[PDB]
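Below, each chain spelled out in residue letters.
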Amino acid sequence: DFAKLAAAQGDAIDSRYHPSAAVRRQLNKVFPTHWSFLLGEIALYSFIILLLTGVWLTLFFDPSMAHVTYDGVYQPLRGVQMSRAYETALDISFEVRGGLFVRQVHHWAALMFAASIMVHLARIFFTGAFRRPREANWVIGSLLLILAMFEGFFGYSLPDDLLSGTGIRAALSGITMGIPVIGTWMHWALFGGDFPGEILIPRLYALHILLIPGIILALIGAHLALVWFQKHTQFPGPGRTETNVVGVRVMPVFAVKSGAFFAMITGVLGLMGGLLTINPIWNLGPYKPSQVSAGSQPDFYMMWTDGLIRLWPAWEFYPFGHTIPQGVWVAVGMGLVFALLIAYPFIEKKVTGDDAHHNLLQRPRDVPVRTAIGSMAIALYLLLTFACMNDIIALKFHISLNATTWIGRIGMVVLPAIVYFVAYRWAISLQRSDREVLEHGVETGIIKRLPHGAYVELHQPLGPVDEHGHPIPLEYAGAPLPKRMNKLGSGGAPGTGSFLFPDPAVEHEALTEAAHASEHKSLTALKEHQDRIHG
Amino acid sequence: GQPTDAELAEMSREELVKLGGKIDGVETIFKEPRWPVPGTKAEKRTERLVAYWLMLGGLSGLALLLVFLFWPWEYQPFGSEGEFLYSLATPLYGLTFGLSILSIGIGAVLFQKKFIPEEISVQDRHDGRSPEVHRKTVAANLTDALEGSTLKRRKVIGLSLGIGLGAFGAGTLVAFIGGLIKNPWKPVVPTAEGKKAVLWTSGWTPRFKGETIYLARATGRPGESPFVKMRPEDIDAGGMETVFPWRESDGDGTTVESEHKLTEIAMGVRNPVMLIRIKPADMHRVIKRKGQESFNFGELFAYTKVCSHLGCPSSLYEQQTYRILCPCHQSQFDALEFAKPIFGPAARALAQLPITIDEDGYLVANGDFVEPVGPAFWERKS
Amino acid sequence: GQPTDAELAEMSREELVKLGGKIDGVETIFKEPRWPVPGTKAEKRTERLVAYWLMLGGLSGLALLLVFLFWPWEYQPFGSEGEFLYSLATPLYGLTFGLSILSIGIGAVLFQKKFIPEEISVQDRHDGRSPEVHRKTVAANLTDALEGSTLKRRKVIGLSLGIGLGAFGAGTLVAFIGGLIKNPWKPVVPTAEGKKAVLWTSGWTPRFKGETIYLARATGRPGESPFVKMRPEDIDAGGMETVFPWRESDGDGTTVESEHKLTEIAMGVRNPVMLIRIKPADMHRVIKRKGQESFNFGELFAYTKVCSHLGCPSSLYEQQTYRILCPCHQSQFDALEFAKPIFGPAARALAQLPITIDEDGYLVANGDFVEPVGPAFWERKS
Amino acid sequence: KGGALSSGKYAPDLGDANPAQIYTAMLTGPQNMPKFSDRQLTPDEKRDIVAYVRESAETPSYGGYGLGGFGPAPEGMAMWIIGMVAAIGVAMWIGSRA
Ligand SMILES: CC(C)=CCC/C(C)=C/CC/C(C)=C\CC/C(C)=C/CC/C(C)=C/CC/C(C)=C/CC/C(C)=C\CC/C(C)=C/CC/C(C)=C/CC1=C(C)C(=O)c2ccccc2C1=O
Ligand SMILES: CCCCCCCCCCCCCCCC(=O)O[C@H](COC(=O)CCCCCCC[C@@H](C)CCCCCCCCC)COP(=O)(O)O[C@H]1[C@H](O)[C@H](O)[C@H](O)[C@@H](O)[C@@H]1O
Ligand SMILES: CCCCCCCCCCCCCCCC(=O)O[C@H](COC(=O)CCCCCCC[C@@H](C)CCCCCCCCC)COP(=O)(O)O[C@H]1[C@H](O)[C@H](O)[C@H](O)[C@@H](O)[C@@H]1O
Ligand SMILES: CCCCCCCCCCCCCCCC(=O)O[C@H](COC(=O)CCCCCCC[C@@H](C)CCCCCCCCC)COP(=O)(O)O[C@H]1[C@H](O)[C@H](O)[C@H](O)[C@@H](O)[C@@H]1O
Ligand SMILES: CCCCCCCCCCCCCCCC(=O)O[C@H](COC(=O)CCCCCCC[C@@H](C)CCCCCCCCC)COP(=O)(O)O[C@H]1[C@H](O)[C@H](O)[C@H](O)[C@@H](O)[C@@H]1O
Ligand SMILES: CCCCCCCCCCCCCCCC(=O)O[C@H](COC(=O)CCCCCCC[C@@H](C)CCCCCCCCC)COP(=O)(O)O[C@H]1[C@H](O)[C@H](O)[C@H](O)[C@@H](O)[C@@H]1O
Ligand code: HEM
Ligand code: FES
Ligand code: FES
């Protein structure tokens, strides 16, 4: 009554619907097993956490700006005027059982979300997963990053703790007023009044439960549909031509490791949602516009923005009776970088000439100027971030505060040039380091030559050898070639027994002969498939 | 090569799996099990190893249930019998939660990496440029729904439907946006000149004529008399002190008609003013600016707290160097001359409030700011 | 019968449409155009007719833009120059909106019902019981992912993963629900007996001992002294009057420590009590119930306003028949005897508050209700 | 906790601060801090501030390790090398490389 009822309900599902065609198409789909192809899954797998916590945070949070005295449990805030957003965020922190944990693992899931989006953008950038067939997928993923950034900024500003209330005052109301023609108009449309306009926090709650995460969920749905139906890309390797995806199928293997990786991402978020404090809004105060911190720094995925405020050197213009302030520039500048980050595949489609349907990836050493432009962007992000904690860097690492913001202000101009030089020539030297492992072998320990005194490194060749001390030099194929005989089948047979006690020797012989024959069968089947493609 | 209808019940199960691969595009080359020799005890030991990980996951989930139900959490206030137990209530929650689902996940993926048979299934793609049937058939079907439905032959529907959807899209789009678009320059706030807009008006402005606007501090008392009237003898040499525009009308916080004319002061952005008391050995370093030479009071200066650009309160103040430093972007201002930006991302003089003493000797504002006090925007500086 | 790769560029367009039908399952039998004779003017007249509907849609969308931007809406308060124009601001919005998109929609569907060629395309279904290949192939693939991955042969993973996911599901489910589950019977409110729970405690209960709980009315004044203390001479014969538990402590609404002990009375559900003054010709019809014979005051009765079942305020009162009628479900109560349900969906006596007069002659409560006053629930009546 | 100041100077941490040193720190402001006098802040208010800071730099961080006292920059740097490095390490233990 456990397999018979499964067969009966399966024939019922096949009777009502006719799914088995469009289920077999799904659970025979192959995803490749490279590790970096899990990175964007983190941006999925934390995002579901952001719903599963976040829904829970919706049914306790009360947005308002109606000024209430606390009269609750938290003693250093009693009788103090606070917005009811902050009061019920304090109630999430201290009243409800396991409430501080759910809101902390929610904030940590937001950090892992907006950081894994950046890690995965680094993946699909430097591996070249964005040219011709997947450029719209880059565009909707880039827009998904923009919505992630703005929506998280609506997130930690949603209680008006004053560390983020001054973040609204800096970013969302100083830059918004600082836009030339229609700046004040979109400010007073966004707030409905002055800066503590009484319908800001509920408007952010409206945009932040549903209105931006509805668009984020729609773009993730269409995004994973573009990854799903239009097949996944892959690195080139042994049996990996342009028009096939090699790897594991969905049903026995990929579903198990994907669900287990969802569970381990949730484990990392839960461990660091418990063991590490985040946004301690009771240590912070209610937002009152006459008191600040010293840090006053945003969350890290937006620290490149007002760090760009912290580094742009006070250039204001004054036309005939008006004022362009500094905040126009970064309102241009954030509009600049996004217009380079959305529209990059069309930019280098124009520059390079990549008018070809690319499915195989390119290793990020194989494309040195694009990896170097990318490392310019990575190090420029790291500079604009690492000079946004300008304050606390100059605090702890004892530097003059003026000195470290000048270090940033020169660094955003000269350090992309330095990292472009180092990145371009480092990619070319990584190419040359695995283009001499083909013309020579793989390096090992030293033998001396017998009749005279020499020292050869005793290279182990990768392909066919000639009759003498040099092999037939292979051609490059976009693959990671192994540079250690370690990573080949050399000395990789320890005792199979236990960590403390050995198994009997016939069992060791059976296990190592069976595993050796299975690995031999793996490379034999992959090699004969590779010969079937060309032959 | 054929659907194989009658010979399919005789067909073996792995041959059906390879038939599904062939009918979908896949071939599962090298699908071999992980433990091909049976009865070995390394298989049994990795079996009980992944059992150890999953049993740790179950034990830590049961631990979550126990330390979530049965735990002395509550906000026990401070150092008292029961405060250290609350200090690790949420870390115990997260330890049990993350350890539970991380042990279950590492058990499931160790079951994948030790017992689920490894495969390299290669799937023949069909990506890019759909074949000659499908392209031209969809093109013919769409051009039959366009050419056969007799658009692009009726000019008057072809433009009137465009004018209809365009005019309705404009009306519906402005119906979306028209509830949002407020005029910032509608005169809202009452002022001595009349009704001025909000950006040219802090709470420091006079309402009818010269009225006593006391530079009152905020003694941070929970509700009862939060704004105490100020004398010059209170602040002393080398002292920042934050003053607010309190008045004789909105008195203590002991009436409900107050605490809304009184928290309005504490919530309005352009209200806080720092009251600088420069040490009088450093009064020869001061150089005032235009229209602003008598905005001191001896050595009392009143510079605003809201900074030049992007409106954070610049409540950092350095005596003995005399620099109003802001925290949000670290922009210094010179406290001596007038709050010109010494250094930072600001480019404008942070505004200065005039000071006199009242009858009975209390610090009052000698009018409004001469410039709009908050962050910059378009309509400024003429 | 073949993919037709080379002869497809020569193939005509409607033959490609029929080829798409054949390759999908459809046959478009009878796809004939609506106007097969050309140059007729009935076609031209229905052309300009659907043009009239779409042009009306565009004109009404432009009308939406005009009467949305340029219209004297504002809440002009009452009868004044400009109140009738606001009285039809939203109807003009809806007239232009509904007329615009309804004219566009009736134009598009009249274009469908007059110019788009009618068809009866019959599509051969393939519904129900997928063929012998697909069923057994998916069954073999799923049983290869279950039997080949070597579950149902490892008992210890097969139960430890179940215990792991079950214990973690219990811990995570209680982590969802545990923030919600409050104990209603935790003693919260201070009472004369001590700390009682909230259901056994209205604001009519004494806090320490017999304290003067004045049966004050709510003169609906905006904030200043909303609760005026009550005398028996105020209410007269045949009169409902709503009293609230005001005290001498929480005085007028002119202090911020009041208006939160004072709006707490106006917001608490189980506070309102109607003060019945029965006409004294009808005092021989009254029969009190147990423990409640002295809960009158002469002819002053105090029955609660929150009804017997489902807690709506039963603020309808009928003199000369003496029935407390509730509005939400229309359940009468007998004002004479004790507020027993004469008729309705209630089955319990609506609670009665005891009355005395204070020193200085003011109506006060002679203690608490003898029964829990609000709607019914589990823990009641013993 | 500390905060940065203009030209090399910086606010120090208040954790290693004797309460009499806190009162005499605000009472006579040494370097770059305003001297919050006996008449600017009353001694009730100054005793009240040293009541706050000796039970804000002394009370434990409720709900985990206190990544400093100032929030989002240590929370970012402990997202990357503690959380995200562990996430990418799990992602490279699960998936292979080719
Ligand atoms: C890939 C690249 C961005 C190319 C895009 C195309 C480019 C031309 C578009 C224009 C961009 C240019 C003009 C301006 C730069 C602005 C910038 C790109 C803003 C967009 C946001 C986003 C795309 C940022 C880039 C992606 C991000 C930096 C990738 C992460 C770095 C690497 C590759 C991932 C592995 C790192 C992982 C293993 C952890 C290692 C630990 C290291 C120390 C982490 C470094 C680190 C980081 C990255 C923090 O953000 C951070 C924030 C707060 C505190 C501390 C840290 C911190 O220590
Ligand atoms: C997302 C798409 C973006 C498209 C933007 C361009 C589309 C603009 C269409 C709107 C046209 C005007 C609509 C009617 C408006 C009108 O009549 O305009 C009067 C005076 O303005 C004017 O003529 C100037 C009109 C020029 C528009 C300038 C603003 C354009 C954009 C850039 C602003 C950004 C908006 C979207 C971003 C915000 C994001 C939100 C999440 C207001 O005087 P006021 O006295 O404040 O009356 C108040 C009632 O309006 C008001 O609703 C009512 O609430 C009362 O407050 C009342 O006071
Ligand atoms: C639909 C098109 C998209 C645009 C959307 C928004 C445009 C809406 C325009 C509707 C109003 C038109 C004028 C009447 C509204 C009005 O009177 O005010 C103006 C309020 O319009 C503004 O916000 C922005 C524009 C200001 C007028 C001119 C701006 C455009 C030109 C001049 C700039 C380009 C050339 C210069 C350099 C260009 C860039 C670099 C070269 C100017 O402010 P303001 O001049 O400070 O006057 C104060 C009183 O408000 C207040 O009562 C009173 O107290 C006064 O004291 C004063 O504060
Ligand atoms: C949707 C799935 C539905 C599944 C329902 C069944 C699952 C029940 C799991 C919950 C077990 C208990 C969780 C921990 C709770 C615990 O420890 O239970 C204490 C004393 O209860 C008890 O033993 C009795 C426990 C028996 C549970 C009875 C309730 C069961 C269901 C039917 C109630 C419906 C809930 C869902 C519907 C609501 C819909 C919402 C949209 C509370 O004393 P208290 O003093 O009020 O402490 C307060 C902190 O609890 C509190 O969080 C904190 O906020 C403080 O207020 C604090 O005062
Ligand atoms: C996990 C299982 C799912 C159940 C979820 C909820 C169960 C939670 C039980 C936890 C509490 C254990 C009881 C002891 C804790 C406790 O006392 O709280 C109880 C409040 O539990 C209740 O809500 C309902 C049960 C109460 C008694 C048991 C009910 C079931 C049995 C007795 C009847 C079934 C058969 C009867 C007829 C068949 C009907 C068929 C449907 C009883 O209060 P009560 O009895 O009204 O006494 C008042 C003090 O509260 C207050 O302080 C004080 O002022 C007192 O004066 C008084 O008002
Ligand atoms: C296992 C069973 C479950 C138990 C729960 C486990 C979870 C931990 C929470 C339990 C309570 C512990 C938190 C204590 C409470 C607490 O907040 O932790 C303070 C922070 O202090 C410090 O840092 C010193 C700590 C040094 C230890 C090692 C540092 C942690 C590292 C590993 C974090 C990595 C971050 C990423 C590195 C970035 C990479 C860079 C390349 C240390 O307090 P304390 O030392 O006594 O005094 C403070 C003064 O540090 C403080 O300067 C003073 O201002 C006051 O705050 C004072 O109270
Ligand atoms: C799209 C991905 C999301 C991100 C990056 C994100 C980010 C954040 C962040 C950083 C916070 C501040 C938490 C704190 O420090 O207390 C927050 C709060 C919140 N989140 Fe989200 N969120 C996301 C989606 C959602 C969704 C989908 C929901 C609800 C269905 C939600 C509900 C909430 C609520 C109500 C709050 C405010 C309560 C509080 O902050 O204590 N979030 N969010
Ligand atoms: S926010 Fe203080 S100057 Fe930029
Ligand atoms: S509504 Fe008053 S009795 Fe049910």
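What counts and how
- Residues numbered from 1 in each chain as written, not as in the entry; some residues may be left out.
- Chains lettered and ligands numbered in written order.
- Part of a larger assembly, values for the part shown.
- Heavy atoms only, no water.
- Contact = heavy atoms within 4.5 Å.
- Buried area = accessible area lost by both parts, 1.4 Å probe.
- Salt bridge = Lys/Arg side-chain N within 4 Å of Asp/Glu carboxyl O.
- Polar contact = N/O pair within 3.5 Å; in protein donor to acceptor, adjacent residues only side chain to side chain.
- Helix = DSSP H or I, 4+ residues; strand = E, 2+ residues; numbered from the N terminus.
- Nonpolar A, V, L, I, M, F, W, Y, C, P; charged D, E, K, R; others polar.
- Buried < 20%, exposed > 50% of the residue type's maximum accessible area, 1.4 Å probe, protein only.
- Near = heavy atom within 4 Å.
- Areas by Shrake-Rupley, 256 points an atom, 1.4 Å probe, with all protein chains shown as cover.
- Axes fitted to C-alpha atoms, helices over the stretch in contact; angles between N-to-C directions.
- Parallel < 35°, antiparallel > 145°, perpendicular 65-115°, else oblique.
- Left-handed = near helix turned anticlockwise from the far one by under 90°.
- Donors = N, O, S within 2.8 Å, 3.2 Å for Na, K, Ca; no water.
- Tetrahedral: all angles 85-135°; square planar, octahedral: opposite > 155°, others 65-115°.

As stated in the entry header, the method of structure determination is cryo-EM and the reported resolution is 3.5 Å.

**Some details on the interface of chain B and chain A**
One frequently used descriptor of interface size is the decrease in accessible area upon assembly of the parts. At the junction of the two partners, chain B supplies 97 residues and chain A supplies 114 residues. A buried area of about 8,900 Å², summed over both sides, lies between chain B and chain A, and 66% of it is on carbon and sulfur atoms. When the shortest N-O distance is used, the salt bridge between B:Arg45 and A:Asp503 registers 3.6 Å. Applying the counting rule to chain B against chain A returns 27 residue pairs in polar contact. Here the side of chain B that touches chain A gets 15 residues from one element, more than from any other, and that element is helix α4 (residues 90-112) of chain B. Looking at the side of chain B that touches chain A residue by residue, the class counts come to 57 nonpolar, 22 polar and 18 charged.

**Re the interface of chain D and chain A**
With 40 residues of chain D at the contact, the number on the chain A side is 50 residues. For the pairing of chain D and chain A, the buried interface totals around 3,900 Å² over both sides, and the portion due to carbon and sulfur atoms is 72%. The interface formed by chain D and chain A includes 8 residue pairs in polar contact. Of all the secondary structure elements, the ones that give two or more residues to the side of chain D that touches chain A are β1 (3-4), β2 (10-11) and α3 (72-94) of chain D. Top element by residues in the side of chain D that touches chain A is α3(D). It accounts for 16 residues. Looking at the side of chain D that touches chain A residue by residue, the classes come out as 23 nonpolar, 15 polar and 2 charged.

**Quick look at the environment of B:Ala63**
Residue and element names in this part refer to chain B. Looking at where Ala 63 falls in the secondary structure, it is placed in helix α2 (residues 41-69). Among the residues examined, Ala 63 registers a relative accessible area of 24% and is labelled partly exposed. Taking the C-alpha atoms as reference points, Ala 63 and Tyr 93, separated by 30 residues in sequence, lie 9.1 Å from one another.

**Focus on the site of ligand 1**
Around ligand 1 there are 26 residues in total, and A:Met118, A:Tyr381, A:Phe386, D:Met77 and D:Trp80 lie nearest to it. Residue neighbours of ligand 1 fall on chains A and D, so the site bridges chains. Within the side chain of D:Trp80, an N or O atom sits 3.3 Å from an oxygen atom of ligand 1. In isolation ligand 1 offers 1,200 Å² of accessible surface; the protein chains occlude 83% of this area. Those elements giving two or more residues to the shell around ligand 1 turn out to be α7 (99-126), α14 (327-341) and α16 (368-386) of chain A together with α3 of chain D. Looking at which element gives the most residues to the shell around ligand 1, the answer is α16(A), with 8 residues. Looking at side-chain class alone, the shell around ligand 1 contains 23 nonpolar, 3 polar and no charged residues.

**Section: the packing of α7(A) against α4(B)**
Remark: α7(A) packs on α4(B), axes separated minimally by 9 Å, with the N-to-C direction vectors making an angle of 60°. One way to sum up the angle between α7(A) and α4(B) is to call them oblique. Here the hand of the crossing between α7(A) and α4(B) comes out right-handed. Contacts from A:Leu100, A:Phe101 and A:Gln104 in α7(A) reach B:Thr90, B:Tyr93, B:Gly94 and B:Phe97 in α4(B).

**Observations regarding the coordination of the iron atom of ligand 7**
Residue and element names in this part refer to chain A. Around the iron atom of ligand 7, the donor atoms from the protein are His 106 (NE2) and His 208 (NE2), and they sit 2.7 Å away. Coordination at the iron atom of ligand 7 is irregular: its 6 donor atoms span angles of 68 to 174° at the metal. In this pair, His 106 sits in helix α7 while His 208 sits in helix α11 (residues 201-228), placing the two residues 102 residues apart along the sequence. The same class applies to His 106 and to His 208, which are both buried.

**Topic: the site of ligand 4**
All residues adjacent to ligand 4 are A:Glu95, A:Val96, A:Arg97, B:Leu69, C:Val174, C:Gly178, C:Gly179, C:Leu180, C:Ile181, C:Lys182, C:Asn183 and C:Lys186. With respect to ligand 4, its neighbouring residues span chains A, B and C. Between an oxygen atom of ligand 4 and a main-chain N or O atom of C:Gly179, the distance comes to 3.5 Å. The contact in question runs from an oxygen atom of ligand 4 to an N or O atom on the backbone of C:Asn183, over 2.6 Å. About the coverage of ligand 4: the protein hides 48% of its 1,200 Å² of free accessible area. Residue composition of the shell around ligand 4, grouped by class: 5 nonpolar, 3 polar and 4 charged.

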